[PDB]
Amino acid sequence: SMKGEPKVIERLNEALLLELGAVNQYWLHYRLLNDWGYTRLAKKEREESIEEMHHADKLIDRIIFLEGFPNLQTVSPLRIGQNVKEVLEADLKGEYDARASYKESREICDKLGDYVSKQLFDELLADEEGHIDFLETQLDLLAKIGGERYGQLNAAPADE
Amino acid sequence: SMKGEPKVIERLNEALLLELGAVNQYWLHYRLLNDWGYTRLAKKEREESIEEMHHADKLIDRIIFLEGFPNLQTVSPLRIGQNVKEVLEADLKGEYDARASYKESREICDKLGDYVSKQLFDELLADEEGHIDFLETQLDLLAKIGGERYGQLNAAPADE
Amino acid sequence: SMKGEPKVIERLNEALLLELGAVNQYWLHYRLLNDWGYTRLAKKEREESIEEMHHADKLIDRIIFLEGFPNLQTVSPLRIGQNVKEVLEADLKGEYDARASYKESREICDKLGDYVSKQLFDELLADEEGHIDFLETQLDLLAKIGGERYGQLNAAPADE
Amino acid sequence: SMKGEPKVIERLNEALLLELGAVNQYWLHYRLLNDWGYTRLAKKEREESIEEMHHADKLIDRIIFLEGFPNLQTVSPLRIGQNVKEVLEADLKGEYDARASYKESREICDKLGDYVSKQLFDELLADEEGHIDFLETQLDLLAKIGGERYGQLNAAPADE
Amino acid sequence: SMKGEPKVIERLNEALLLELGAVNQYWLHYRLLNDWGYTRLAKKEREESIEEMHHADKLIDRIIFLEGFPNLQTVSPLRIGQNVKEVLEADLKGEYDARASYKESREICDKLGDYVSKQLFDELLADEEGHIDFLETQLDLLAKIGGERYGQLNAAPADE
Amino acid sequence: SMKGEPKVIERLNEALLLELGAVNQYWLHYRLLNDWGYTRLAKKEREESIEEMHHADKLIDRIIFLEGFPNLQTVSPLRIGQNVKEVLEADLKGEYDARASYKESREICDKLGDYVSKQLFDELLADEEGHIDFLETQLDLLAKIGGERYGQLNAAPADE
Amino acid sequence: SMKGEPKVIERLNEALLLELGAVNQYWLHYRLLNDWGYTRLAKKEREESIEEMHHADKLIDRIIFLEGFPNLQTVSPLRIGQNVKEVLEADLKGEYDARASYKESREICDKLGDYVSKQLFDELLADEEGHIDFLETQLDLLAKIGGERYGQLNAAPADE
Ligand code: HEM
Ligand code: HEM
Ligand code: HEM
Ligand SMILES: [Fe+2]
Ligand SMILES: [Fe+2]
Ligand SMILES: [Fe+2]
Ligand SMILES: [Fe+2]
Ligand SMILES: [Fe+2]
Ligand SMILES: [Fe+2]
Ligand SMILES: [Fe+2]
Ligand SMILES: [Fe+2]
Ligand SMILES: [Fe+2]
Ligand SMILES: [Fe+2]
Ligand SMILES: [Fe+2]
Ligand SMILES: [Fe+2]
Ligand SMILES: [Fe+2]
Ligand SMILES: [Fe+2]
Ligand SMILES: [Fe+2]
Ligand SMILES: [Fe+2]
Ligand SMILES: [Fe+2]
Ligand SMILES: [Fe+2]
Ligand SMILES: [Fe+2]
Ligand SMILES: [Fe+2]
Ligand SMILES: [Fe+2]
């Protein structure tokens, strides 16, 4: 009787595909930022990757509970920056994509009466707008102090 | 001058594709095993997933150090079991695949003189034969005590 | 004047040959039981091996004190099981062999007046009947609950 | 599929035979050195015996993992000294024997593609050259200060 | 019998000459960087010097073990920068020199069968590629934020 | 009814006479060894004296329990060395004397059915063979390193 | 093969019958002595009862190990005193009975070659002669200071 709405499972798998992409994008940005010297921003990027990992684990559990089958076989297309600002903007564009898919999804769950899944999307939505606030603030800072000083701020001295 | 052999980067990206697949396969097995009640085996599967995550992070770092570009965009094809034995056998088949790709890869690094990458593959190889010893032992146990008692052993009572 | 009865040294070297065999038999059973998944029984087998190691060290010391020369060059013939019950029965047959050699030996020491060596054999004898009680009990349990449940009981879940 | 190269199992069993011999040789030297009063050298000999025990346990595990059958039934021929220098020289000759068998063995594993076993022999090799450095140094010391002062140095006062 | 291949001792002495040079180059860079105010980079340079000291001590021990005679009498030619970027580039050029000598050397040890010395060079090689990753990253950072901001980042305030 | 076999009391009093002698011999050796400078051997001699004291107390208690009367009025003839080796040999000769009296005595207790006294002699016997092992080892050491180095080893520096 | 000599099991069951009697006799003496006010002697009697309990448990285990069947169905005839001295004398008479049965029994085990059971009787024998020493001493004290002062000594003040 716990069999879920197939449209709801579709939306959760759609969210999962986006999360898996975000996990990989953030992790590669972490390693790239590190190789370039921006170790403080690299660290924040690692943490963001791990937060998306947790979101992906929540979606899988909800999908399997609804007796759907979670798709981990494919990953959404990654946006890979080649300097700091591009990395921040690549991440921002991904969060806005996620925001819109979750906005759509909570409405679909609502209309079909799966209120617990609705609640799951509403929580992912507020998390994303969290990540979005952070990134927009960093990009505004980068813009007002300039890329090279933003880079220096987010870099460690050589003895660390 | 640190520019790496393109054949060596190819092999590391080939390893990365297999690791990312293994990460996803183990994680889904964790959640599936959990939904079926096999919580002790599910836990070991989570740990295995996280170990592969660490291997994938090592390959990315080596690829970026060699000034190659790591591919996280695609994931190797997953093997998804539908009961305990199939889960163990799906994992085993994946480890043997990894063993063979790393065996090939350390020989390619050796011939081309990239001894530090050789060492990286040799370490992944011994880890895989570790995972392989574990799984073959579990499958032998399953075979000698039978699937239902193996399942019970790897399940928790309801108060845990 | 501490020169010992040559017949007494012979008996101690005979005991040493049996102990060295038992040390090797128990250790191989430990590793085998482990490879098959029976990790709790494997652990007890390791401890038994180490106890025999200690017995072998006691015999060597007594032999050298009596100015005899301990023979470590050859090992008595090993009994190697191919499943749990055979492992337990191979060990039992070895302990009964040891019991009989020590029974004979304490009588030889007694008749020849080497009472301290007599005491050494009497202590090995009571230890062996200890090991014998343990094994007979395990085999009775195996018989009453059946090999597959005895195997499961002596196996660990996969997360350990 | 984990079935190992029979030539590789042969070499591991060959190593095991040498290790078991070394375990017994070092242990008997420990007890002998003790009976003669050279308690500090006796202690080091006990530790060496126990290190070889650990090497023997590693070989057994690798053999059983490769689905070979480890031979513990026979022990390689022991070299037994009758004074300090002979004990040190008997041990040295044994380590050089082991060095050469492991040198041969890592090359055989390499040619046949069993790189994890290669790594195992390379680790035993560096350990042996460790034991060899120690013994050559002790023998040089014995030579420069003379056997009786070397004996005194490696003996304890009577209250210990 | 521990007499080593003369070609192997030559290569270890060649490595020693390079290490001693690196020890002196890093130490002088430490003091120079300090005099110029770049105290955080100076500290990392001191640590690097001390790591090379440890490498030099490992080579000496291996040389004396192989009954060769280590040459400490001469030091390889030093590269001495006159500002931050030149200091980093002088160090990088030295590490690439070391990388190539160790690459050559492990192959010579391999061909001649001195596998433990091979392992020693392979460990120095991976350490050097470590130092090389660090320096290339610092130089990329210097390039993207500019020398004066890189200098400021690696300088301490006057109260420290 | 606890009245003991008069032959058994005789043997215990015979043992007591030997123990009291040994107590006095060891104690005088302690003080003598001390006056000569051999303070480490002197200490061991004090401990040996005190162990014999404990043996003498055990015999007295057993004698009084058997309602015999323990003879402390006379002491067996003492062996008093005039240098280190003579002290060790005087002690050894005394232990062999004790060994033989206890060997005889446990047989007399056995034949007459006083098994608890038998056990008492068997315990004194194993203690004596303990003391005998120690002394024979010390004398062998003295022989192989020479009296003057054995003396030095068992002497303390002047600040202790 | 662990089947025991039927004569040996008979003797152990004979010992068990005596121990069970002693357990009950000591316990009733404890309660009686308590009711009469002799609380310090009552306490010692409780401890003695519990020691016999432990002896009885040892005999049962040995009987079941020898695949005999322990008889707990009947208890040997109890000796119940009506004042302090009679209580002490009733206990003494019981210990002498036990002494003689164990003396007989160790000889029977010896002749039939069951040396581990021999050792068990020898240990019970020395324990009994322990209990016998204690009681004879208490009765001698009672005799020399008189029953009423012995009673007072073994009584507590009313506030305890
Ligand atoms: C389905 C995809 C993934 C899932 C479900 C997932 C899940 C998780 C979770 C729940 C943790 C928390 C472990 C802990 O700290 O207790 C974790 C940690 C981690 N993740 Fe992932 N993750 C995924 C993808 C990735 C990828 C692609 C990488 C690439 C390197 C990665 C790297 C790591 C690392 C290094 C850790 C740290 C583990 C440790 O500290 O021992 N993860 N992951
Ligand atoms: C003459 C034969 C042997 C003797 C005299 C002997 C003696 C001993 C002793 C006294 C110990 C106790 C060390 C301690 O825990 O403090 C020990 C430990 C051990 N034994 Fe043996 N043993 C023998 C045979 C073997 C064999 C054939 C193996 C095969 C692997 C083995 C494996 C071990 C191991 C792994 C340890 C643990 C050492 C540690 O924990 O560091 N032994 N042995
Ligand atoms: C210009 C030449 C040298 C300078 C300026 C120098 C300086 C120093 C200093 C200040 C330390 C103290 C580090 C500490 O313990 O906190 C040190 C440690 C050390 N030195 Fe040197 N040294 C020189 C040459 C050498 C050489 C040729 C070797 C050859 C092996 C060497 C081996 C070591 C080692 C092994 C340490 C220990 C570092 C540690 O404990 O981590 N040094 N050195
Ligand atoms: Fe966050
Ligand atoms: Fe997310
Ligand atoms: Fe997000
Ligand atoms: Fe693992
Ligand atoms: Fe992996
Ligand atoms: Fe793996
Ligand atoms: Fe045991
Ligand atoms: Fe034994
Ligand atoms: Fe045993
Ligand atoms: Fe060692
Ligand atoms: Fe070894
Ligand atoms: Fe060795
Ligand atoms: Fe470093
Ligand atoms: Fe270096
Ligand atoms: Fe370096
Ligand atoms: Fe002692
Ligand atoms: Fe004594
Ligand atoms: Fe004594
Ligand atoms: Fe008591
Ligand atoms: Fe009793
Ligand atoms: Fe009693």
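We count ligands from 1, going down the list as the structure has it; atoms in each ligand are counted the same way. Each chain gets a letter, A, B and so on, in the order the sequences are listed, and its residues count up from 1.
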Verify the distance test for G:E95 against the Fe ion (ligand 24): any N/O/S atom under 2.8 Å, yes or no.
-> yes
Quick one: pull up CD in E:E136 and CG in E:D140 and give me the separation to the nearest 0.5 Å.
-> 9.0 Å
So, G:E128 and the Fe ion (ligand 24): N/O/S under 2.8 Å, yes or no?
-> yes
So, for E:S101 and E:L18, which heavy atoms are closest and what is the spacing to 0.1 Å?
-> CB-CD1, 3.6 Å
First locate atom CD of E:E48, then atom NE2 of E:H131, and finally report the distance between them rounded to the nearest 0.5 Å.
-> 4.0 Å
Closest E:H55 atom to the Fe ion (ligand 17) [N, O or S only] | ND1
Name of the E:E52 N, O or S atom nearest the Fe ion (ligand 17)?
-> OE1
How about E:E51: does one of its N, O or S atoms come closer than 2.8 Å to the Fe ion (ligand 16)?
-> yes
Taking only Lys NZ, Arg NE, NH1 and NH2, and the carboxylate oxygens of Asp or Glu, determine whether B:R62 and B:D114 approach each other closer than 4.0 Å.
-> yes
Closest non-hydrogen atoms of F:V116 and G:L125, given as atom of the first, atom of the second and distance, are CG2-CG, 4.0 Å
CG-CG distance between G:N83 and G:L33, expressed to the nearest 0.5 angstrom | 10.0 Å
Of all N/O/S atoms in G:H131, which lies nearest to the Fe ion (ligand 24)?
-> ND1
How about E:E48: does one of its N, O or S atoms come closer than 2.8 Å to the Fe ion (ligand 16)?
-> yes
